Amino acid sequence: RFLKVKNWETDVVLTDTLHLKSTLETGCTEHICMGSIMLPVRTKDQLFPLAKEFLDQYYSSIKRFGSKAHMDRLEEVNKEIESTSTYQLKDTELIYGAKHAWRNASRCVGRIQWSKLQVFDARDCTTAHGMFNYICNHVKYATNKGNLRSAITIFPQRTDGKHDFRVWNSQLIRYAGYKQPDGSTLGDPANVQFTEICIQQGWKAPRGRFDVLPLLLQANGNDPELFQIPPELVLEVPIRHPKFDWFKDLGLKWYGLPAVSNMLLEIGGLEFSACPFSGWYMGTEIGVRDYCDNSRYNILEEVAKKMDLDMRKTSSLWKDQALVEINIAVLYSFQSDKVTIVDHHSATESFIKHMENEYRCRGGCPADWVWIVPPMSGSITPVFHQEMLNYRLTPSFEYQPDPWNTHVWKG
Amino acid sequence: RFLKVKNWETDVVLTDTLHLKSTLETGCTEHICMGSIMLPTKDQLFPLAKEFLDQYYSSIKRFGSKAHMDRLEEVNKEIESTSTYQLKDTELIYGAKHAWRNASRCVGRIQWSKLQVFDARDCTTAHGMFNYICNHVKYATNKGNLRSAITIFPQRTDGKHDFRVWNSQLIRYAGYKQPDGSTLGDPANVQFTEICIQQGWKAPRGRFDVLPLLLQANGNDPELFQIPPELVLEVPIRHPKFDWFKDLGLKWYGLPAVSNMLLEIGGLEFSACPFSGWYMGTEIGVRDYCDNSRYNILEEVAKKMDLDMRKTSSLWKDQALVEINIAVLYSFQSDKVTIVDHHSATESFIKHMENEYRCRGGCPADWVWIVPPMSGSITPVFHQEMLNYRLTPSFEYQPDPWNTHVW
Ligand code: HEM
Ligand code: HEM
Ligand SMILES: Cc1cc(N)nc(CCc2ccc(CCCN)c(CCc3cc(C)cc(N)n3)c2)c1
Ligand SMILES: Cc1cc(N)nc(CCc2ccc(CCCN)c(CCc3cc(C)cc(N)n3)c2)c1
Ligand SMILES: C[C@H](O)[C@H](O)[C@H]1CNc2nc(N)[nH]c(=O)c2N1
Ligand SMILES: C[C@H](O)[C@H](O)[C@H]1CNc2nc(N)[nH]c(=O)c2N1
Ligand SMILES: [Zn+2]
């Protein structure tokens, strides 16, 4: 089967054969599309086929398919599964797996960078303290004084699912949220619940607007423990605007390092439940969503006020106007402090080039349009006009339920 | 089977049960989602007729009544005898309104039941079609206080006798390739303009030349008519602050009127069924003006604004995009021509969704199309999960007739 995707801006038509290697499900059927739905303990039995698939891929990527080294490694993994019910990945296979999960991440506009990924192997980690040390080294290395480098840290795989490693935080760096008695929130509304858990776990909340939350870490199925990331390791950029000098008086800042820490890395059937990964921000992630979502810092009002826009009718597009300046501000602030960041035009242009390349070299690029198109100025970015095919390839990054819903407390 | 949709801005979770009536296919499988692709007999007809008539008589609180069964019989008799059948006016009205109700890409459906339907099933020639269309345009324009409408020409019979409007909208600006390499007017109609020229159009070779209608009655070769200029309401585009905006000399038409689609009611196919409502501002300002394949005026507007076009990171495209869109909305409101902003339109559609979940058990919605093409995440539809599925009656796309026709 061949599938064609067309670009309506340029009339370029590409052909997807890669979707034939797709295993997992989409959520969709012939009768329903779930493309806009946010979220649409293995036996030896299901495991070896998955192991075989991965190693055949691995071994094709290094040009050694059907080699003695390939067949030997197959035999080796076979025996290891039937003996221990699992297996261990060589370092090289871990690295390749991690790179490919990113590459396969259909909702990531940033994948032109997929091959430049520093993989830290934290598979020898046994304790929360160990996890905290690994995570600090990751932050420091990834930050690199503002010259951000992509990285991921891979803690030990699931075994019985009773001994899971987990970073309770959704991202390694995030600001606290405090729901107040009057129903207002101080700080980041997205993070209220997690903030409460942390408080419960004994964190002394500063109760400010931009309190970096403590890491909350579980090793080996144990109850999790709190650690404050050293402040010096947390690079932050104060937000100012190039023309509007009152923009600084809003007191805004953000952190430099986007680092997702709640996802599950699946490689060759193995499940890595703690695998924090980081890159660098696209400006709209902070300036549209983090500041201007209604259920977030929600500063459109205050900014429109200060610009003295006409706020009596939405047809003044006052919101659209405030939104753009806020985003100009984020990009200006990051660049000024020499903290890596990419604007939404640049990021989506790169991504189209990546995708084109991927269709030639690889025969596809699974892509989720709902997520790839930016949350402002959609159609003046080249991705709006690009037909995409969404399908799931392994290795992959998967969502997993928040651990406080499932965790069995030791006490 | 029962399906939940969550709004991530409000936590409201609605349960969709209406998709279980889903008739047609989506393009997707369990293996591949095609959510972002633009275009994924007598025996056949009685089920489709019955399905429709069942929902009709159910809509009017008379499911399984003599009148219901009698009509089911009558149509059954007529199909077996004639190989087609005819809708009662009431069925036509209900059908048309529901094709709109079921259009999963339309953000404007809160309005679906206020649709004026013009039964044009007695039309027999292109001149007739032209008369009906002019009357549509006039009724719907309504001196700028625009009103939704559809005009339904006769149904397909043997497909050798289709009625078609070759225009994609009733009202569009022409497009001409220039020896200068560049394109004069609207580049999305260049081919249609050559077919018009080719069929004898006297093009005035300007930038905003209202194209002529090209009408096909009874599968015959289509003919040309110029909509009375006096019936094509236009709006010159000015900005409430930038006085130099006028000098780009942009105008846009008031009436969005989709003419190229096929309407399916109870198995019957109406190939010429132009319909119209009114614009959401971004269709003109973001898409018609700023798309690279369209009038593409961003570069020129940003220059007059004297913004830094040296680097994409100054967001100069975005700054210019907003003003262009302020200017569209401003010029329409000033000339008193109905237009809706994307905030208002999406806010309306969320209220509609809730109504449709409550009163119908769902609302098929295609997020890719529902979320405006600018400022997506500050409109509420961005955070709203949607389920997209195909219900009948429906508007379907259909191939441009120049490819299908024989002369
Ligand atoms: C290097 C710079 C990077 C940029 C600019 C980039 C950009 C993006 C953006 C804009 C999104 C959508 C985020 C949202 O709106 O919430 C995204 C999602 C994603 N990215 Fe990338 N990314 C980068 C690096 C990476 C790296 C290094 C990985 C993994 C190694 C990755 C994996 C993903 C995954 C798994 C998602 C989806 C997360 C989810 O569904 O919650 N990203 N990225
Ligand atoms: C009354 C004011 C109306 C508003 C503000 C409205 C708004 C919209 C918008 C924003 C789109 C997406 C179009 C694009 O991006 O080009 C749309 C598409 C659509 N609308 Fe509505 N609409 C209205 C009236 C109607 C009426 C009266 C009908 C049918 C009788 C209808 C049927 C559709 C269909 C079938 C599509 C998609 C057709 C396609 O795939 O091109 N619209 N409309
Ligand atoms: C590594 C990386 C780099 C980069 N530039 N961006 C990212 C995306 C990070 C990210 C941050 C925050 C969020 C939460 C939304 C707030 N904006 C997300 C989406 C997380 C998410 C939430 C839900 C409900 C489901 C899901 N699959 N994923 C994803 C990762
Ligand atoms: C009735 C109505 C009201 C309103 N406010 N807006 C509309 C949408 C009209 C419209 C305008 C422009 C366009 C495209 C312009 C680019 N050449 C379209 C739809 C075009 C289309 C193309 C294809 C390939 C498929 C499809 N289903 N629809 C539809 C209708
Ligand atoms: C390729 C992609 O599906 C295409 O650009 C779509 C995206 N969303 C859209 N949304 C609307 N409302 N109108 C459109 O024409 C499109 N185009
Ligand atoms: C319901 C809908 O899928 C949801 O709002 C999605 C839309 N697109 C998105 N796109 C990105 N990049 N990040 C998001 O959180 C979302 N949210
Ligand atoms: Zn789908």
Side-chain angles (χ1 to χ4, degrees), chain A residues 3 5-6 8-10 19 22 25-38 283-284 288-289 292-295 300 313-317 319-321 323-324 327-328 331-332 335 343 345-346 349 367-370 373-380 384-391, chain B residues 3 5-6 8-10 19 22 25-38 281 286-287 290-293 298 312-315 317-319 321-322 325-326 329-330 333 341 343-344 347 365-368 371-378 380 382-390:
Chain A
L3 284 168
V5 306
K6 181 185 172 166
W8 288 86
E9 205 195 336
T10 79
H19 69 283
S22 194
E25 303 149 79
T26 54
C28 305
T29 68
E30 290 72 61
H31 287 117
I32 219 151
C33 177
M34 297 217 298
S36 97
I37 300 286
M38 207 98 93
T284 51
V288 181
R289 310 303 310 290
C292 292
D293 280 7
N294 294 165
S295 297
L300 278 173
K313 49 176 167 41
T314 75
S315 35
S316 63
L317 299 202
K319 283 174 139 154
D320 310 65
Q321 234 155 9
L323 182 58
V324 175
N327 281 284
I328 290 181
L331 289 153
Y332 177 71
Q335 288 165 170
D343 69 67
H345 305 286
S346 181
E349 180 175 349
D368 182 350
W369 185 106
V370 166
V373 175
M376 68 178 300
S377 314
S379 84
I380 60 158
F384 185 90
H385 305 273
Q386 182 64 55
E387 289 191 342
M388 301 177 189
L389 283 172
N390 194 203
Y391 47 92
Chain B
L3 284 174
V5 291
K6 182 163 175 183
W8 290 85
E9 154 170 84
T10 67
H19 74 293
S22 182
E25 267 149 292
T26 57
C28 304
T29 83
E30 302 103 66
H31 285 253
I32 193 138
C33 168
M34 289 195 182
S36 69
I37 308 301
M38 280 235 39
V286 187
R287 306 303 314 285
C290 295
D291 279 4
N292 269 269
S293 69
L298 259 182
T312 64
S313 28
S314 67
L315 301 201
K317 284 189 164 149
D318 316 68
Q319 284 201 286
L321 183 61
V322 182
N325 284 270
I326 286 161
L329 293 165
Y330 171 72
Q333 291 166 148
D341 68 82
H343 300 288
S344 193
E347 197 222 339
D366 176 348
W367 188 106
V368 175
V371 171
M374 71 176 296
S375 301
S377 71
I378 57 167
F382 186 88
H383 307 275
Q384 181 62 62
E385 300 188 345
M386 290 166 209
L387 282 159
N388 188 211
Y389 45 94
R390 313 224 320 160

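Within every chain, numbering begins at 1; the chains are lettered A, B, ... in the order of the sequence lines, protein sequences first and strands thereafter.
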Pairs of heavy atoms under 4.5 Å with chain B: top-ranked of [options]:
options	result
A:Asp368, A:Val288, A:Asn327, A:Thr29	A:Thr29
A:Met376, A:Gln386, A:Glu9, A:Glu387	A:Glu387
A:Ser379, A:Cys292, A:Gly27	A:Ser379

If I compare all heavy atoms of [X] with all of [Y], which pair ends up nearest, and what's the gap?
X	Y	value
A:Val5	B:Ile37	CG1-CD1, 4.2 Å
A:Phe384	A:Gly378	CB-O, 3.3 Å
B:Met34	B:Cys28	N-SG, 3.1 Å
B:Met386	B:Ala365	CB-O, 3.4 Å

To the nearest 0.5 Å, how far apart are [atom1] in [X] and [atom2] in [Y]?
X	Y	atom1	atom2	value
A:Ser315	B:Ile326	OG	CD1	10.0 Å
A:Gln321	A:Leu300	CD	CG	11.5 Å
B:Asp318	A:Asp320	CG	CG	11.0 Å
A:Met38	B:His383	CE	NE2	8.5 Å
B:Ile32	A:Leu3	CD1	CG	5.0 Å

Please flag which part of [X] lies under 4.5 Å from any non-hydrogen atom of chain A: side chain, backbone, both or neither.
X	result
B:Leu329	side chain
B:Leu321	side chain
B:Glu347	neither
B:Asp291	side chain
B:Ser314	backbone

Examine whether an atom of A:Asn390 lies under 4.5 Å from a heavy atom of chain B, and if so say whether it belongs to the side chain, the backbone or both; otherwise answer neither.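 Both backbone and side chain of A:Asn390 come within 4.5 Å of chain B.
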
Relative to chain A, which of [options] shows the most heavy atom pairs under 4.5 Å?
options	result
B:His19, B:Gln333, B:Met38	B:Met38
B:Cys33, B:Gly35, B:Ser22	B:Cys33
B:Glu25, B:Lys317, B:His31, B:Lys6	B:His31
B:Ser375, B:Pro380, B:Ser293	B:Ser375

